[PDB]
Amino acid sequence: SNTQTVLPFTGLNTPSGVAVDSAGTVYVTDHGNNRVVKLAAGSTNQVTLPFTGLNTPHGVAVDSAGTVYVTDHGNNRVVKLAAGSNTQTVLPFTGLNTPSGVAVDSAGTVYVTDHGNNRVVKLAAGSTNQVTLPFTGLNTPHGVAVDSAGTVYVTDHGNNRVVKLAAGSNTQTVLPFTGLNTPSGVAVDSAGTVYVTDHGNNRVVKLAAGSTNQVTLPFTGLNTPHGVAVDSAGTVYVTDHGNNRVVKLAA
């Protein structure tokens, strides 16, 4: 599509992360209001999730059961909230410094970009021993995403590149993006196409699996965009952080 749609979120301030679940519900970290909000696919009615004590939150992720994970960036922690619950759980990630992106795979493993420590860390479901992924040479990384095979994609923001690591591998691969500047969010669809918020260039770019030639998506009027997400229909959602809005583009 050539026409983008501004979603009916309300009162957003410098929003950051965005995620979409398999039912099409859109979750957005409303960073400047210390809250996470959502819009179901069949709704125009925004709902605030009952997190508490958040401070400049960044990334957001959601699993199949509707459990929502948020990077509580200002408090150096990751918090999760089961659907409809008034219990939030601080995950046992330790030593975080200004953490940014968060992702969760089909097995419940949670991945966090520990931006201030130039590393990406993970916790398996129920685990209390955090594992640092053996990425090398990261500098101020931002976004993280995980595909259906457990391959982990990180936005190496300080080096203007996107790096991936297969599950269990010690050898990262730098994806053949070019011309990125301070990239932020990353997402991956079921065909392995990788979407990156090229934040410094106010655009979203995509790269198909096995391709070495990215293309810019026809979003318009973005300003310092942050998060990106893609649903099962190929619709792409971007947090237009500088314009306090979330925009979507159908394939």
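The numbering used is simple: start at 1 and walk along the sequence shown.
Student: Which is higher in the entry, the mean Cα B factor of 38-46 or that of 219-227?
Tutor: The entry gives the higher C-alpha B-factor average to 38-46.
Student: Can you tell me whether 79-87 has a higher mean C-alpha B factor than 150-158 in this record, or the other way round?
Tutor: Higher of the two, by average CA B-factor, is 79-87.
Student: Between 132, 71, 128, 113, which one tops the list for C-alpha B-factor in the PDB entry?
Tutor: Within the set 132, 71, 128, 113, 128 shows the top C-alpha B-factor.
Student: Compare the CA B factors listed in the entry for 120, 163, 145, 167 and report the winner.
Tutor: Most elevated C-alpha B-factor of the set, per the entry: 167.
Student: Should residue 4 be placed in the lowest, middle or highest third of its chain by the C-alpha B factor in the entry?
Tutor: Middle third, going by the recorded CA B-factors of the chain.
Student: Quick one: classify residue 190 as lowest, middle or highest third of the chain based on its Cα B-factor.
Tutor: For residue 190, whose C-alpha B-factor we compare with every modelled residue in the chain, the answer is the highest third.
Student: Taking the entry's C-alpha B-factors for this chain, is residue 213 in the lowest, middle or highest third?
Tutor: Within its chain, residue 213 is a highest-third residue by C-alpha B-factor, going by the deposited values.
Student: Could you look up the Cα B-factor of residue 53 in the entry and say which third of the chain it sits in: lowest, middle or highest?
Tutor: As the PDB entry reports it, the C-alpha B-factor of residue 53 lands in the highest third of its chain.
Student: Report the third (lowest, middle or highest) to which the CA temperature factor of residue 65 belongs, ranking only the modelled residues of the same chain.
Tutor: As the PDB entry reports it, the C-alpha B-factor of residue 65 lands in the highest third of its chain.
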